[PDB]
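Student: 3D model of this:
(chains A, B, C, D, E, F, G, H, I, J and K, ligands or ions: 1)
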Amino acid sequence: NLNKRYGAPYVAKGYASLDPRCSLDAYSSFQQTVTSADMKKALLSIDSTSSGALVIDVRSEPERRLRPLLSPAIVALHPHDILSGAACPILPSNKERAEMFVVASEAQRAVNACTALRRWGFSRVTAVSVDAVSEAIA
Amino acid sequence: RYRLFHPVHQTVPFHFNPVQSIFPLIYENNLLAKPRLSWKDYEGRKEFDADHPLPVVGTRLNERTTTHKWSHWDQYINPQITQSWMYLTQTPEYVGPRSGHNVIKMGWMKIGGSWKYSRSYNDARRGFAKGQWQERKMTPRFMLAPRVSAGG
Amino acid sequence: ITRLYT
Amino acid sequence: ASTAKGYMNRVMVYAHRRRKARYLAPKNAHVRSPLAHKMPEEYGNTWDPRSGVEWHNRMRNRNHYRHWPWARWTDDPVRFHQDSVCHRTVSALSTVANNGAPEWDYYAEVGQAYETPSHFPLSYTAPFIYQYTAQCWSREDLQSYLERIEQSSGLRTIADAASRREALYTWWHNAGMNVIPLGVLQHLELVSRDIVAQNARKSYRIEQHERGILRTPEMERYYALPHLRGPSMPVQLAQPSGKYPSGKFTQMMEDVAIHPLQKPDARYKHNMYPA
Amino acid sequence: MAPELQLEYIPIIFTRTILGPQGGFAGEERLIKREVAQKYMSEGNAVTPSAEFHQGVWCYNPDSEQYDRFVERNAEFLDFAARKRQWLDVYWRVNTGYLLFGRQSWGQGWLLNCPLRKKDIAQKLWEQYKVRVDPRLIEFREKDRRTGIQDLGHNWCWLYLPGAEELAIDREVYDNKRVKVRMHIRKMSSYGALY
Amino acid sequence: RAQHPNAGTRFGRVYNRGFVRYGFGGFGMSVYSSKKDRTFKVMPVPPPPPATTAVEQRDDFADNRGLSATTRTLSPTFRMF
Amino acid sequence: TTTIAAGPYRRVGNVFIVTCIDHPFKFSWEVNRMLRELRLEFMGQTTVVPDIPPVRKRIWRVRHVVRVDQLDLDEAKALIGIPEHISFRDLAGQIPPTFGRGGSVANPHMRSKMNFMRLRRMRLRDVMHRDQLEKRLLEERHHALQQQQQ
Amino acid sequence: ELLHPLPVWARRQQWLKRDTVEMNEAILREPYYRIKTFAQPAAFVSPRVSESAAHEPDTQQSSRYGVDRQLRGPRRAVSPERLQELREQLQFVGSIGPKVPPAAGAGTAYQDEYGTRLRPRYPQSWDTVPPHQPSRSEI
Amino acid sequence: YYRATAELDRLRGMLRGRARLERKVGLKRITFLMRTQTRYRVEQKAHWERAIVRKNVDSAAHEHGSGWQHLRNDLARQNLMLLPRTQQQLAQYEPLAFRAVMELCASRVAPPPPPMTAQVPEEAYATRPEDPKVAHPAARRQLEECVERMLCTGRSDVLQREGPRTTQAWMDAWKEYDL
Amino acid sequence: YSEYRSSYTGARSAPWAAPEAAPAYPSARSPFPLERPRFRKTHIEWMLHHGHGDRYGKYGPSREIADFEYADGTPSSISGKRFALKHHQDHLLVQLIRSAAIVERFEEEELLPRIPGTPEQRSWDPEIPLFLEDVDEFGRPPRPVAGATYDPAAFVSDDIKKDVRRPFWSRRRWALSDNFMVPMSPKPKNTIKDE
RNA sequence: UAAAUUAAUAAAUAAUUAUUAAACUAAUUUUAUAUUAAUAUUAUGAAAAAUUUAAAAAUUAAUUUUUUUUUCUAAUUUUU
Ligand SMILES: [Mg+2]
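Tutor: Numbering: from 1, shown residues only, chains lettered A, B, ... in the order given. Below, you will see the structure:
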């Protein structure tokens, strides 16, 4: 005689609180764009004397050797350290005010890593540009 | 209720055994290791002060002993003590006469013990069948093999 | 029976 | 509780047998069952059940299977544990040449995750080639061999060194041959024919994952719904309800609410004199 | 090829639209079992993938009841026969499967003492059949909407396969929007039972 | 008869009270059910005093309040430091 | 502060504190095997196992038996008052390897011949001591004799 | 047999069971580690995601505030370079190997003063219990 | 099989009629009536005997409007640690002191905090420039926290001064042995 | 004189809040994070919470503090059982230090996997998301512009419906309601596999 | 504990148990492990489950059980 002791958020609960909707919104941010100004605002977040790297690149370790972008001290996270939740101890506190970015080799991984973020309670990230952040050297 | 939900982090409380117990100089950085290795290594009770001697309140390991007969070493050292033939006790390996029923499949039972499980000790004391094939079924391994070299 | 002393 | 004189003399109130070592495996011996003699993860292998006494005599190290894996690892029938790289060389200066020869494939049978796409430069297959050729060339030495190849020869990419193994060697023969030990080359050829292979097996694995084959990281099939392109509940595809559609209004059985002013159908009771 | 070693399943381009699990639909390529497929190439519902059929094939409409409807398999249809297969593979996998349990049940009412959660069906879907779904779609019956499943023996519960309207998928599955996943709760002692 | 140690209860069989209940399985015996438990069960709690505090004197599982609400009589004399 | 923190990133493991909440004698011979490999037999026993991978399966198989608790290592270096700079691979490099019940050798005999020789290398430690006194006195009695004739 | 029903009281204490296991396996799917930074606080709040029904906030009369007193507090070893600034001061007194005595100011070693087998005369008492039988730690 | 007769042979003196006269029936009786006591006593006497003590303190907590249901849990709240066998001595022989425990739990007084695990004295984070004559900042930290606590326990003769005794010189009591 | 230590270092956290301020009572709700049953700490969760073990005289200030002392002050002696406690205390530290001297090693050689959960476990639980990287989990990405949402809540209705009585108080609704399956009388638990 | 080869149907064999004795082969935690040899051995049938034969109306297969309380004390499972 459950749901009398436990709530309705029992038995009628799709304990899959992971990704019924976020994955979609991940493919939404994939669609719009990211460009210079979308990095230039992040440049101001690098211009902010408080240095916490904004964008992160989820790319294989041989890839980054080929096009090194590590210049502004941005964070290089293996895409599982994001998915698995091992990266939350280094992730902004303001889940609703922060928007980092996610660079990736091919834009499928980026959105596939940014959906992991939005599963971790993060709200804004437009989630890709492998080539812009190099054209925005900063 | 008996399904307690608590941080099991609570059940090994380190309030009394922090690393300043086993490593007594760690806030001193020299990091010395002075542990208590085992319950076995316990040397014994020792008077912290000589003025309060530990009492003699005997145990079942003191108050119940026997007079020291002379071992073959104490008579090898000082032959001035082998003073009667009751001191020429047998070889140390000879423990004494048989004192128990070595029932098969059940250890060595005491005399007066339980014969619930000696169903085949009462049957291996009669002795092996004499003049009878050892192998009751299965065509004795001797009969299976062929006679060779008519004398052997 | 091998002990553990836990 | 009910502890009584000794380790393993705990609860002593349930009637189980203490002192019984429950951790130890059952001596299944003669009994025939898939659960025989198998570490519990190997229970699914019902095609090689390990029942029988001889499996009891040989998993357990019994009578004459007393050293059972009569040929375990640590014997090689072929090369008897001596490295097959000739040190007896004509000139002592060139003894270091043969170091780094491939004794087998080294790259395909292991199955490493070479995440290098086949269009990278050659200098990015050095971290793989090394792990099999240390004790032959320092890591920073390879990056002197795996760059002179890129500079001197017409080969640049992992895909090239897999499509031009003939054109590469002929360069090495007529241009290298004094510095680059051909050990590197046949190592360089063994990875470039793997990185190219795996990328074909990855690029295919990604190209089925769209066509709907959907296998997990460990490659077991997992069936999962496709993404929605249209309305979730079907409308022009709906199966008829399946229960006789005598509506709630043709036989006002229950669940029907009507204003009291608008009471219908009393043509003989109270609609004959409507208001 | 040998009479001993025969392909356990073979490739097949369906011309008709068969309902069964081994079935397919108009124009998709599927590796269905050999014995079944061999009574399709005689039946005409299927034809082995010659290079010609790999572009178009004359499928079947129940309207005029003959092989007139040309279904050309360009790259776009091959994005349609994938989502339409990937869909009705989840269907025919949970509908064919009969997912088992082992549970503890003391007392008399043959009542599972720790009744089942919609978590604990998606868990035995992904465990046994690898069918990964949202446990928000599993609607229970009326007897077990209150207390969970709760009772031994054969229980079933409905899984809602939502996205089937742009696949044009009806009459080739028993119910476009549901499927009956069929539990069974084989009670077991503490030796083999969990929870 | 197969008289082997480990084939049943080692020497015969005895029915101690920890067995007649809690048999093999915990149910536990078919005969020798068990003695009825004739201990003295504690009595249920008295009613608490009416609220007239508006401090949420009603709340039972709260951090502030000890369970017992016993403001009985010359308790004000039991003034504690 | 709306920024992914920037700095040299150290990673910290986890340390599981495991207890036993269900009796072991109700379960299988494999589940009892896992509990044995977690140093857990009796109800209420408690051990502190690491979060390394092959422990994660052992704990997983017996989840219905134990009650786990996870500690990040920094949340362990404070549960016992430990300076942040001292790691644990130098704290352990101080305790002797012969802690109570030193080894777990393949059977209680091999145990009882691992404790035997341990009680021998004590005898030899005093005997290698008692002759090292003689070998030095003997090498001097030689030099006293040798230099006697000069 | 199983005649009368499980006293419906008891199955409730068994619904707490599956909701214990449902809380173990939440622990046994955590990442094996946590990417952390040196400069930042140790565990400024930084728990796992265990803020479902958060308790004991009171910072005293809370079980954890012997620990998170120091975690949330500013981390002293604030950089990998600061670590060697701190790790280069600790010695190992008993470890096997050679040493350099005059590294201190004027200390004269102990083990080479009372020999190796002799231990200082520790005052044995209830509260103070020193290691007993020291000649068993030589393996 | 040894029936310990000479341990029972003189104890039939307190059995009843037929048992005292004959021996093989006298022993059989006592070696059973003894064999059931030491089985009743190990597994059954407590969970009866410790229910009189619970029925006592309860109905003695019941006099003060609280139950055992509330007192047993409102004690462990206050970390008070009085075994029930003791609360039964207080329920009877010290009624006021018991109701004091009663009126304590019902009070909204903050229970004592759980003990703090060991802390890291912050001198471990400084590197003493090793001079022979100056102590390490973490020792004279520990010492002062061990001497202030030795002056804490018991009225003694040790530098007997009112309230807090003398410390800053107690830490330097080695120079008093110096020349 | 009596003594009260409660820890190896003494220095108890101040028991009294402030000269008059609020007293900061401790959390008295049991840490069972669902929030619906709302349990209470039960005098063993309130003995653990105070730094004993689950029993009165285990690990607690009731076991560390001396049994007695010679009235002049000369302390007790090392009880043969006491030393074996100090070894049991040290055996927990070393159980913790070793079990972190292994972890502080594994992260050094990268040996700790990045995917959380053993291979067998991850096949068992469908909440650890598959660790695909360069593909989408459910096959093809939502190529169609989503603005593509299915809400379980629309069609999946789990309503605890009251099984309504056949209304005898009105004549006609008693006759329609007469669901002609009242011949449930063939429910004998008959032999389901024999005759 | 075992449960297999055989029996004009059980003194014989495996397997078990037992007596005596043994040597530390990659696999992991710094975890955890009763493996053996040599002899002694008058045995054919496994609670509650999970199922499987059989008119069974139980037998049969099955395979995990299969209790020895030093004394004072403490305790989290309640004939609501
Ligand atoms: Mg007692």
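Student: residue contacts, residue B:26?
Tutor: In this structure, residue B:26 makes contact with B:19-20, G:82-83, G:86, I:124, judged by Cβ atoms under 8 Å, 6 or more residues apart in numbering or on different chains. Using the backbone N, CA and C atoms, a C-beta is placed for each residue, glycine as well.
Student: please redo it, this time with the cut-off set to 6 Å
Tutor: Shown in contact with residue B:26 (Cβ atoms under 6 Å, 6 or more residues apart in numbering or on different chains): residue B:19.
Student: can you list the residues of chain G near chain J?
Tutor: Residues of chain G lying close to chain J by Cβ under 6 Å from any Cβ of the partner chain are G:11, G:13, G:15, G:48-50, G:52-53, G:56-57, G:60, G:73, G:87-89, G:91-92, G:95, G:99-100.
Student: Distance-wise, check residue D:164 relative to chain G.
Tutor: In this view, residue D:164 and chain G are 42 Å apart by Cβ to the nearest Cβ, to the nearest Å.
Student: In contact with that residue: list those residues for me.
Tutor: Here residue D:164 is in contact with residue D:155 (criterion: Cβ under 6 Å, 6+ apart).
Student: Try it again at 10 Å.
Tutor: Residue D:164 is in contact with D:153-155, D:157, D:170-171, D:192, counting by Cβ atoms under 10 Å, 6 or more residues apart in numbering or on different chains.
Student: quick check, residue E:69 in a strand?
Tutor: Yes. Assigned with DSSP: H, G, I helix; E, B strand; the rest coil, residue E:69 falls within a strand.
Student: looking at it, it is touching residue E:25, isn't it?
Tutor: No. Contact criterion Cβ atoms under 10 Å: residue E:69 and residue E:25 do not qualify, at 11.8 Å.
Student: Now do the shared contacts for these two.
Tutor: In contact with both residue E:69 and residue E:25: residue E:59, using Cβ under 10 Å, 6+ apart.
Student: Just give the number of residues close to residue F:20.
Tutor: 16 (other Cβ atoms under 10 Å in any protein chain shown).
Student: Could you say which helix or strand holds residue G:109?
Tutor: Element membership for residue G:109, per DSSP states H and E: helix G:108-118.
Student: what do you get for residue G:124?
Tutor: Using DSSP H and E, residue G:124 falls in helix G:120-148.
Student: Show me what that helix is packed against.
Tutor: Applying 3 or more Cβ pairs under 10 Å, 6 or more residues apart in numbering or on different chains; DSSP states H and E, we find helix G:120-148 packed against helix G:108-118.
Student: hmm, back to that, what residues of the helix holding residue G:109 count as buried?
Tutor: Using 16 or more other Cβ atoms under 10 Å in any protein chain shown as the test for burial, helix G:108-118 gives G:111, G:115.
Student: What of stretch H:12-26?
Tutor: Neighbour-count burial for stretch H:12-26 [16+ other Cβ under 10 Å]: H:12, H:14-26.
Student: where does the closest residue to chain B within chain G fall, helix, sheet strand or coil?
Tutor: For chain G and chain B, the shortest gap (Cβ to the nearest Cβ) falls at residue G:94, measuring 3.7 Å. With three-state DSSP as the basis, residue G:94 sits in coil.
Student: ok, it touching residue B:33?
Tutor: Yes. The pair residue G:94 / residue B:33 is scored as a contact, 3.7 Å apart, by Cβ under 10 Å.
Student: how about the strands in chain E?
Tutor: E:9-14, E:29-33, E:46-47, E:56-61, E:66-72, E:102-103, E:156-158, E:180-182, E:186-187 (DSSP state E).
Student: OK, contacts around the residue most central in space within chain D?
Tutor: When Cα atoms, centre = their mean is applied to chain D, the residue found nearest the centroid is residue D:218 (3.6 Å). By Cβ under 10 Å, 6+ apart, the contact list for residue D:218 reads J:119, J:122-123, J:130-131.
Student: between those residues, which is closest to residue I:137?
Tutor: Closest approach between these and residue I:137, by Cβ to Cβ: residue J:131, at 49.6 Å.
Student: wait, doesn't the closest one sit right on residue D:217?
Tutor: Yes. The pair residue J:131 / residue D:217 is scored as a contact, 5.2 Å apart, by Cβ under 10 Å.
Student: Return every residue with contacts to both of these two.
Tutor: Counting by Cβ under 10 Å, 6+ apart, the shared contacts of residue J:131 and residue D:217 are J:115, J:122.
Student: Tell me, how many residues neighbour residue D:246?
Tutor: 10.
Student: can I assume it sits in a helix?
Tutor: No. Residue D:246 sits outside any helix when classified using three-state DSSP, being coil.
Student: Run through the residues that contact residue H:27.
Tutor: By Cβ under 10 Å, 6+ apart, the contact set of residue H:27 is G:14, G:16, G:51, G:59, G:63, G:67-70, H:48, H:50.
Student: Buried ones in stretch F:33-46, by neighbour count?
Tutor: F:42, F:45-46.
Student: Kindly report the same for stretch D:255-269.
Tutor: Buried-residue list, stretch D:255-269, by 16+ other Cβ under 10 Å: empty.
Student: Stretch D:69-79 vs chain G: in contact?
Tutor: No. Stretch D:69-79 lies apart from chain G when judged by Cβ under 10 Å from any Cβ of the partner chain; the minimum separation is 16.8 Å.
Student: Which parts of that stretch count as buried, going by neighbours?
Tutor: Buried residues in stretch D:69-79, counting neighbours by 16+ other Cβ under 10 Å, are absent.
Student: how long is it end to end?
Tutor: Its start and end residues considered, stretch D:69-79 measures 20 Å (Cα to Cα, to the nearest Å).
Student: still on that earlier bit, show me what the helix holding residue G:109 is packed against.
Tutor: Helix G:108-118 packs on helix G:120-148, going by 3+ Cβ pairs under 10 Å, 6+ apart.
Student: Which residues of chain A lie near chain H?
Tutor: So far as Cβ under 10 Å from any Cβ goes, chain A lies against chain H at A:1-2, A:5-6, A:10, A:15, A:52, A:75, A:77-78, A:80-91, A:93, A:120-121.
Student: So which of those reach chain E?
Tutor: A:1-2, A:6, A:10, A:15.
Student: could I get these as TSV with secondary structure?
Tutor: As requested, those are exported to TSV (three-state DSSP):
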residue	secondary structure
A:1	coil
A:2	coil
A:6	coil
A:10	coil
A:15	coil
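Student: Which one (most neighbours) among the residues you listed?
Tutor: Within those, most neighbours by other Cβ under 10 Å means residue A:10, with 20 neighbours.
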